[PDB]
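K.L.:
The sequence shown runs 117 to 218 under the entry's author numbering. Using N, Cα and C, we set each Cβ at its ideal position, and we do this for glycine too.
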Amino acid sequence: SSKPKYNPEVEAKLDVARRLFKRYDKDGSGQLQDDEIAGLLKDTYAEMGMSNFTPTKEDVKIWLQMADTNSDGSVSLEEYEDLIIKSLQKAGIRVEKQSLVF
């Protein structure tokens, strides 16, 4: 149970999906639909800069379940963030863990 803490180069990749997420969630309750994720990613990647690299449906189902803990059965932004990470690796983007020093 680790948080999305990576280099400042990859972190920016999450800020994008975070700005587009709210653009989809009409309920404005920080919650989004799963079936909408497929289409949401289409515009997400574009803003991320990733080209010629679409998130496979076989993988998406995995990323969701990986964060589909015991709940109503919906997808939120908190989970949608970590998803992008695994979706970026498939493209060939190496993401390592970093830690600041107080």
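Under the DSSP definition of a beta bridge, which residues are partnered with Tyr122?
P.N.:
Counted from its first residue, the sequence shown places residue 122 at position 6. Residue pairing for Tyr122: DSSP places it in a beta bridge opposite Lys213.
K.L.:
Pairing CB atoms from the stretch 133-148 with CB atoms from the stretch 192-203, are three or more of them under 8 Å?
P.N.:
yes
K.L.:
Give the C-beta separation of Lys129 and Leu199 to the nearest angstrom, bearing in mind that I take them to be a contact with Cβ-Cβ under 8 Å.
P.N.:
Taking the first residue of the sequence shown as position 1, residue 129 is located at position 13. Taking the first residue of the sequence shown as position 1, residue 199 is located at position 83. Incorrect: roughly 11 Å between the Cβ atoms, too far for contact.
K.L.:
Using only the alpha-carbon positions, how far apart do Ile201 and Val211 sit?
P.N.:
Taking the sequence shown and counting its residues from 1, one reaches residue 201 at position 85. Taking the sequence shown and counting its residues from 1, one reaches residue 211 at position 95. Cα to Cα, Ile201 sits roughly 8 Å from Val211.
K.L.:
Rounded to a whole number of angstroms, what is the C-alpha to C-alpha distance between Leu216 and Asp141?
P.N.:
For the purposes of this step, residue 216 is taken as residue 100 along the sequence shown, with counting starting at 1. For the purposes of this step, residue 141 is taken as residue 25 along the sequence shown, with counting starting at 1. Cα to Cα, the separation comes out at about 33 Å.
K.L.:
Give every residue of the same chain whose Cβ lies closer than 6 Å to the Cβ of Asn123, excluding the five residues on either side of it in the sequence, and list them in chain order.
P.N.:
Taking the sequence shown and counting its residues from 1, the one referred to as residue 123 is at position 7. These residues qualify, in order along the chain: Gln214.
K.L.:
Pick helix, strand or coil for residue 104, following the three-state DSSP scheme.
P.N.:
As shown, the chain starts at 117 and ends at 218. That puts residue 104 outside it, with no answer to give.
K.L.:
Please state the DSSP three-state secondary structure of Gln181.
P.N.:
Within the sequence shown, numbered from 1, the residue matching residue 181 stands at position 65. Note: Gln181 maps to helix in three-state DSSP.
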